[PDB]
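Visitor: Have a look at the structure that comes next, please.
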Amino acid sequence: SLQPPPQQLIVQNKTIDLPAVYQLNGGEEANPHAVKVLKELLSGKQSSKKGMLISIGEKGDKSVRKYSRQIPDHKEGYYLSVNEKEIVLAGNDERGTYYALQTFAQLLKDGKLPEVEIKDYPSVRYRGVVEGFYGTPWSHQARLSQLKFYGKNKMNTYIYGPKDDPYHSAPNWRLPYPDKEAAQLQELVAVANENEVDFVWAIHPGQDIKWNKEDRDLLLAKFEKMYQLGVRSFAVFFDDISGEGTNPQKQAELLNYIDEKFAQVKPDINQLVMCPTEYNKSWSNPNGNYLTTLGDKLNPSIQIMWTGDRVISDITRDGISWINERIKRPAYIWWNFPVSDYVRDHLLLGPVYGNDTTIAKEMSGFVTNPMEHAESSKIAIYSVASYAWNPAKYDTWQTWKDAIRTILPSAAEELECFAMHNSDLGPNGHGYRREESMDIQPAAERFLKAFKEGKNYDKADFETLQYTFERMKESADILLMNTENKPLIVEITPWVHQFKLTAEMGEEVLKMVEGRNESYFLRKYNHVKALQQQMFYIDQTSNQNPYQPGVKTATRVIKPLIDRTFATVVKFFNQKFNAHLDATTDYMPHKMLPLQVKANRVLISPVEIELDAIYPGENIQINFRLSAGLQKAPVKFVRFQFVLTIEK
Ligand SMILES: CCNC1=N[C@@H]2[C@@H](O)[C@H](O)[C@@H](CO)O[C@@H]2S1
Ligand SMILES: [N+]
């Protein structure tokens, strides 16, 4: 499975061996980045004036003069040919030659190559990643990894703009990077250049920018410092701000100044990009002058970013026609998936889908805003690279599978199992959801429908669920121990623990449904209770961020089914045995609508609360915004949002 799939491919059902002895033609005149790749592939072999001809070069090179007609007349285009007599790797331009090589590397398997002819080129001009999320910025080693991933997948763009980098956003956007951070950035650029990726350095000055000379010069002085570190594409971001910095006329004037006094004055600047304050349709004023002012006043070479009809949305024909009419150019898409910075307790490891596959002509660029989990984001990133290169041939599920097998070949099926039950976002203020656990959803649905109704469930459905839980535990245990991609395993570990606990709880609950006798039922019930407590422990100790602390997994279908089945069987047991077992499904150590614990807060889900111990009280916040600082007073009982903060 070639990824991205090429525009045109003709395969002969013949394979040839990779020439053990070969004549290379054009090694001295082709893209050195492409030639490096080729010479690594041809490692172990040796060249001569004998052997298979291999021709590498860009249109215009002597090496590829016979193939000039077959080379696509497109930026980043290439012609690739393999037959018994010779190999051709001919780019329309230097980056095209590199992309030819990236396709060639995927064709090569077990020292053999298929007989193929390929004509290829991207449908979207700029394709890549914006590191543009709130939360812990990717680590240096993670970025190094990413840039290499992008080159392999023909993504040409890496926009650097972590909202939490103080030298990117306010107030320190004015300050040059300290020496250590500067030397790292410089290495990120060298690496990007070697992989044919434009490193795009963004700045985010809008929250405290003054529309005066001092700040304009400070901004240009910063761009200059970044240029000295080797940066050659630049962006100015005005997203998620208030106040003077939201002025569309001043924004355009600043971007035009940067364009005229800096971008068009240097010998070798490439992209100049801005993101607006009104960056999706819902946050745009139909009756306001913001987007029309930007569209009219911004110089036509400047790109304008857009997230769709909502902050989190997929791109539609009608959606993009709507933006393009106002900005008078094709939107450069900022796609908010798999970014999880507003559902920080979820991993979003599902396929990439939802974007119209017929609108390449209506976009200048397509970039994904990913999770703070860099390795985990590669599933979506690989799929986005495939989508933006050849949207006409984009295959959601095949590309997801390909990505997983690329990222974790040693445990691909186990990562598939984990990813397919870790795709949805749960309820959220952005209203964006993804499908999850689709395969078992019917069997789950019928089981619970019947079971809740004294109608007898299908045996095959009970077995499907059983099989699912078994497969979940195998996957969790194997992923935990996997050392092929240690950084990936580190990222997902807390969710993996939680996913295993979930599957164990599922199995125990199914044993309760079968329930041979009263004694056995009670043992399974007590085990479930202890498993609930364990999941609570994980949720309270892992991923304790300020915003959505903890660890949620398999939330759309599997956990609800388990929880509901549990409540149901406990109800039936209590009826049958005149008992009073507690049917509640989430462990809660405090007593009182469910209570919840978030960090050092104890809250009622929006009379009297009794904590498991005496704590120093911090304050209470009630909203029917009422508040009272508790001054460290010892508290166990509180009687009257409804949130209690304690020292913990
Ligand atoms: C032109 C779009 N700019 C945007 N800025 C914010 C980002 O930093 C967040 O990561 C994203 C998802 O929460 O939400 C918005 S979209
Ligand atoms: N060349």
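Each chain of the structure tokens is named A, B, ... in the order shown, its residues numbered from 1; ligands are numbered from 1 in display order.
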Throw together the list of residues within 7 Å of ligand 1, counting only C-alpha atoms and all ligand atoms, and drop it here as a ChimeraX atom specification.
Guide: /A:132-134,163,239-240,275-276,279,305-307,311-312,334,336,339-342,369
Visitor: Using C-alpha atoms, can you write the selected residues to a file as an mmCIF file, in the first residue's frame?
Guide:
data_model
loop_
_atom_site.group_PDB
_atom_site.id
_atom_site.type_symbol
_atom_site.label_atom_id
_atom_site.label_comp_id
_atom_site.auth_asym_id
_atom_site.auth_seq_id
_atom_site.Cartn_x
_atom_site.Cartn_y
_atom_site.Cartn_z
ATOM 1 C CA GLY A 132 -0.283 24.883 17.718
ATOM 2 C CA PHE A 133 -1.962 23.352 20.775
ATOM 3 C CA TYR A 134 -2.206 24.425 24.444
ATOM 4 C CA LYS A 163 0.718 28.180 22.653
ATOM 5 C CA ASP A 239 -5.995 33.549 17.343
ATOM 6 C CA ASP A 240 -7.628 33.431 20.839
ATOM 7 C CA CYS A 275 -4.076 33.033 11.220
ATOM 8 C CA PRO A 276 -7.015 35.335 11.904
ATOM 9 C CA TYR A 279 -10.726 31.713 12.353
ATOM 10 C CA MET A 305 -5.569 30.046 7.990
ATOM 11 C CA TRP A 306 -9.097 28.722 8.776
ATOM 12 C CA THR A 307 -10.529 25.919 10.935
ATOM 13 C CA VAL A 311 -13.323 25.809 16.102
ATOM 14 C CA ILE A 312 -13.342 22.020 15.733
ATOM 15 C CA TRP A 334 -5.856 24.562 10.188
ATOM 16 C CA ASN A 336 -8.233 20.590 14.681
ATOM 17 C CA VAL A 339 -5.567 17.913 19.041
ATOM 18 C CA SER A 340 -6.958 16.864 22.444
ATOM 19 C CA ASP A 341 -6.042 19.957 24.477
ATOM 20 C CA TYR A 342 -9.708 20.509 25.449
ATOM 21 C CA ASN A 369 -3.118 20.454 14.857
#
Visitor: Taking only residues of chain A that have an atom at most 7 Å from an atom of ligand 2, what is each one's shortest atom pair and its distance in Å to one decimal, using only C-alpha atoms and all ligand atoms, in chain and number order, as a tab-separated table?
Guide:
residue	atom	partner	partner_atom_place_in_ligand_line	distance
A:29	CA	ligand 2	1 (N)	4.6
A:30	CA	ligand 2	1 (N)	4.3
A:31	CA	ligand 2	1 (N)	6.1
A:57	CA	ligand 2	1 (N)	5.5
A:58	CA	ligand 2	1 (N)	4.7
A:60	CA	ligand 2	1 (N)	7.0
A:61	CA	ligand 2	1 (N)	5.3
A:94	CA	ligand 2	1 (N)	6.7
Visitor: Write the residues you've just listed into a file as a PDB file, in the first residue's frame, and include N, CA and C atoms for each of them.
Guide:
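Full text of again.pdb as output:
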ATOM      1  N   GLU A  29      24.257  15.854  -9.991  1.00  0.00           N
ATOM      2  CA  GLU A  29      23.427  17.001 -10.378  1.00  0.00           C
ATOM      3  C   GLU A  29      22.006  16.982  -9.792  1.00  0.00           C
ATOM      4  N   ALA A  30      21.616  15.857  -9.199  1.00  0.00           N
ATOM      5  CA  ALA A  30      20.324  15.748  -8.527  1.00  0.00           C
ATOM      6  C   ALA A  30      20.355  16.272  -7.087  1.00  0.00           C
ATOM      7  N   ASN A  31      19.156  16.543  -6.558  1.00  0.00           N
ATOM      8  CA  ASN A  31      18.932  16.896  -5.151  1.00  0.00           C
ATOM      9  C   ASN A  31      19.789  15.977  -4.276  1.00  0.00           C
ATOM     10  N   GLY A  57      17.454  12.697 -11.245  1.00  0.00           N
ATOM     11  CA  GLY A  57      17.681  14.109 -11.535  1.00  0.00           C
ATOM     12  C   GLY A  57      16.396  14.886 -11.603  1.00  0.00           C
ATOM     13  N   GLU A  58      16.521  16.199 -11.772  1.00  0.00           N
ATOM     14  CA  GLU A  58      15.376  17.088 -11.927  1.00  0.00           C
ATOM     15  C   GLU A  58      15.240  17.391 -13.412  1.00  0.00           C
ATOM     16  N   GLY A  60      15.480  19.105 -16.658  1.00  0.00           N
ATOM     17  CA  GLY A  60      16.547  20.038 -17.022  1.00  0.00           C
ATOM     18  C   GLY A  60      17.937  19.437 -16.863  1.00  0.00           C
ATOM     19  N   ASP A  61      18.096  18.492 -15.932  1.00  0.00           N
ATOM     20  CA  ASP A  61      19.321  17.715 -15.783  1.00  0.00           C
ATOM     21  C   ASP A  61      19.518  16.817 -17.003  1.00  0.00           C
ATOM     22  N   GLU A  94      13.538  19.864  -7.277  1.00  0.00           N
ATOM     23  CA  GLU A  94      14.363  19.130  -6.311  1.00  0.00           C
ATOM     24  C   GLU A  94      13.544  18.323  -5.307  1.00  0.00           C
TER      25      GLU A  94
END
Visitor: For stretch 421-431 of chain A, find every residue with an atom within 6 Å (counting only C-alpha atoms), except residues of its own chain fewer than 5 positions away, and show them as a PyMOL selection string.
Guide: chain A and resi 347-350+436-437+553-554
Visitor: Find the residues near residue A:576: any atom within 12 Å, counting only C-alpha atoms, skip ones fewer than 6 places away on the same chain, and give them as a PyMOL selection string.
Guide: chain A and resi 517-518+569-570
Visitor: What separation in Å, quoted to one decimal, exists between atom CA of residue A:77 and atom CA of residue A:121?
Guide: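 Atom CA of residue A:121 lies at a distance of 4.1 Å from atom CA of residue A:77.
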Visitor: Which neighbours of residue A:378 fall inside 9 Å, counting only C-alpha atoms, when residues of the same chain fewer than 6 positions from it are skipped, and could you give them as an MDAnalysis selection string?
Guide: chainID A and resid 146 149 370 403:404 407
Visitor: Write out as a list in words the residues lying within 9 Å of residue A:111, counting only C-alpha atoms and excluding same-chain residues fewer than 5 positions away.
Guide: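 Listing them by chain and then by number gives residues 16, 17, 18 and 19 of chain A.
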Visitor: With N, CA and C atoms retained, write the just-selected residues as a compact mmCIF listing (two decimals), in the first residue's frame.
Guide:
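That gives us out_17.txt:
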# COMPACT_ATOMS: atom_id res chain seq x y z
N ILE A 16 11.48 -7.22 -10.36
CA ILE A 16 12.90 -7.32 -10.67
C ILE A 16 13.69 -7.25 -9.36
N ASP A 17 14.94 -7.71 -9.38
CA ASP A 17 15.83 -7.56 -8.24
C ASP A 17 16.44 -6.17 -8.26
N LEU A 18 16.69 -5.63 -7.07
CA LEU A 18 17.47 -4.43 -6.92
C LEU A 18 18.88 -4.64 -7.39
N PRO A 19 19.26 -3.98 -8.46
CA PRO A 19 20.58 -4.18 -9.03
C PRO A 19 21.73 -4.19 -8.06
Visitor: Pick out each residue of stretch 279-438 of chain A that DSSP on the backbone tags as strand (DSSP E or B); I need them as number ranges by chain.
Guide: A: 303-306, 331-335, 363-368
Visitor: Can those selected residues be exported to a file as a PDB file, in the first residue's frame so that it contains N, CA and C atoms?
Guide:
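Okay, this is what ended up in again-v6.pdb:
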ATOM      1  N   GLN A 303      -0.659  33.861   3.150  1.00  0.00           N
ATOM      2  CA  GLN A 303      -1.676  32.829   3.402  1.00  0.00           C
ATOM      3  C   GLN A 303      -2.558  33.162   4.609  1.00  0.00           C
ATOM      4  N   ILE A 304      -3.826  32.743   4.560  1.00  0.00           N
ATOM      5  CA  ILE A 304      -4.746  32.979   5.666  1.00  0.00           C
ATOM      6  C   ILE A 304      -5.334  31.637   6.118  1.00  0.00           C
ATOM      7  N   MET A 305      -5.173  31.342   7.412  1.00  0.00           N
ATOM      8  CA  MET A 305      -5.569  30.046   7.990  1.00  0.00           C
ATOM      9  C   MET A 305      -7.037  30.087   8.445  1.00  0.00           C
ATOM     10  N   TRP A 306      -7.657  28.900   8.581  1.00  0.00           N
ATOM     11  CA  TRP A 306      -9.097  28.722   8.776  1.00  0.00           C
ATOM     12  C   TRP A 306      -9.347  27.335   9.320  1.00  0.00           C
ATOM     13  N   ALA A 331      -8.249  29.303   1.234  1.00  0.00           N
ATOM     14  CA  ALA A 331      -7.920  29.149   2.652  1.00  0.00           C
ATOM     15  C   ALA A 331      -6.810  28.124   2.859  1.00  0.00           C
ATOM     16  N   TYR A 332      -6.029  28.320   3.905  1.00  0.00           N
ATOM     17  CA  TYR A 332      -4.954  27.427   4.245  1.00  0.00           C
ATOM     18  C   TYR A 332      -5.509  26.744   5.488  1.00  0.00           C
ATOM     19  N   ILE A 333      -5.886  25.471   5.376  1.00  0.00           N
ATOM     20  CA  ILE A 333      -6.674  24.858   6.463  1.00  0.00           C
ATOM     21  C   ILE A 333      -5.858  24.531   7.708  1.00  0.00           C
ATOM     22  N   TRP A 334      -6.345  25.003   8.867  1.00  0.00           N
ATOM     23  CA  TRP A 334      -5.856  24.562  10.188  1.00  0.00           C
ATOM     24  C   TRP A 334      -6.833  23.505  10.714  1.00  0.00           C
ATOM     25  N   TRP A 335      -6.476  22.220  10.647  1.00  0.00           N
ATOM     26  CA  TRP A 335      -7.481  21.179  10.980  1.00  0.00           C
ATOM     27  C   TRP A 335      -7.319  20.693  12.420  1.00  0.00           C
ATOM     28  N   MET A 363      -8.195  24.849  -1.564  1.00  0.00           N
ATOM     29  CA  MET A 363      -7.270  25.101  -0.442  1.00  0.00           C
ATOM     30  C   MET A 363      -5.810  25.279  -0.845  1.00  0.00           C
ATOM     31  N   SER A 364      -5.174  26.264  -0.217  1.00  0.00           N
ATOM     32  CA  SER A 364      -3.743  26.555  -0.386  1.00  0.00           C
ATOM     33  C   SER A 364      -2.848  25.590   0.380  1.00  0.00           C
ATOM     34  N   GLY A 365      -3.364  25.083   1.493  1.00  0.00           N
ATOM     35  CA  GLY A 365      -2.636  24.272   2.433  1.00  0.00           C
ATOM     36  C   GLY A 365      -3.612  23.504   3.306  1.00  0.00           C
ATOM     37  N   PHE A 366      -3.122  22.409   3.873  1.00  0.00           N
ATOM     38  CA  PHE A 366      -3.915  21.635   4.844  1.00  0.00           C
ATOM     39  C   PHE A 366      -2.941  21.164   5.918  1.00  0.00           C
ATOM     40  N   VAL A 367      -3.134  21.662   7.136  1.00  0.00           N
ATOM     41  CA  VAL A 367      -2.341  21.219   8.288  1.00  0.00           C
ATOM     42  C   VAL A 367      -3.218  20.742   9.453  1.00  0.00           C
ATOM     43  N   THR A 368      -2.734  19.685  10.089  1.00  0.00           N
ATOM     44  CA  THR A 368      -3.312  19.116  11.301  1.00  0.00           C
ATOM     45  C   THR A 368      -2.676  19.696  12.582  1.00  0.00           C
TER      46      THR A 368
END
Visitor: Run DSSP on the backbone and give me the residues of stretch 8-236 of chain A it puts in alpha helix (DSSP H), as JSON, numbers by chain.
Guide: {"A": [32, 33, 34, 35, 36, 37, 38, 39, 40, 41, 94, 95, 96, 97, 98, 99, 100, 101, 102, 103, 104, 105, 106, 107, 140, 141, 142, 143, 144, 145, 146, 147, 148, 149, 150, 151, 152, 179, 180, 181, 182, 183, 184, 185, 186, 187, 188, 189, 190, 191, 192, 193, 194, 213, 214, 215, 216, 217, 218, 219, 220, 221, 222, 223, 224, 225, 226, 227, 228]}
Visitor: Got a sec: who's within 7 Å of stretch 581-588 of chain A, counting only C-alpha atoms, leaving out chain neighbours fewer than 4 positions off, as a PyMOL selection string?
Guide: chain A and resi 532-533+536+563+567+570+574
Visitor: Quick one: write out the picked residues with C-alpha atoms as a CSV table (one decimal), in the first residue's frame?
Guide:
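Dumped everything to selection_37.csv:
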chain,number,residue,atom,x,y,z
A,532,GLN,CA,-13.8,0.3,40.0
A,533,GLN,CA,-11.5,1.5,42.8
A,536,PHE,CA,-10.5,5.7,40.2
A,563,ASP,CA,-21.6,0.0,33.7
A,567,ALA,CA,-26.3,-1.8,37.4
A,570,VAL,CA,-27.2,-5.9,40.7
A,574,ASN,CA,-31.3,-7.5,44.9
Visitor: Interatomic distance between atom CA of residue A:358 and atom CA of residue A:392?
Guide: 6.3 Å
Visitor: Name the closest residue to residue A:396 among the candidates A:337, A:353, A:322, A:525; distances are taken between atoms, counting only C-alpha atoms.
Guide: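 Smallest distance to residue A:396 is found for A:353.
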Visitor: Counting only C-alpha atoms, figure out which residue out of A:150, A:241, A:122, A:110 gets nearest to residue A:390.
Guide: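 Of the candidates, the smallest distance to residue A:390 is held by A:122.
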Visitor: When you draw a straight line from atom CA of residue A:188 to atom CA of residue A:158, how long is it in Å?
Guide: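 Between these atoms lies a distance of 10.2 Å.
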Visitor: Closest to residue A:125 among A:191, A:388, A:64, A:263, using only C-alpha atoms?
Guide: A:388
Visitor: With distances taken over only C-alpha atoms, which of A:646, A:228, A:39, A:82 is nearest to residue A:620?
Guide: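 For residue A:620, the nearest of the candidates is A:646.
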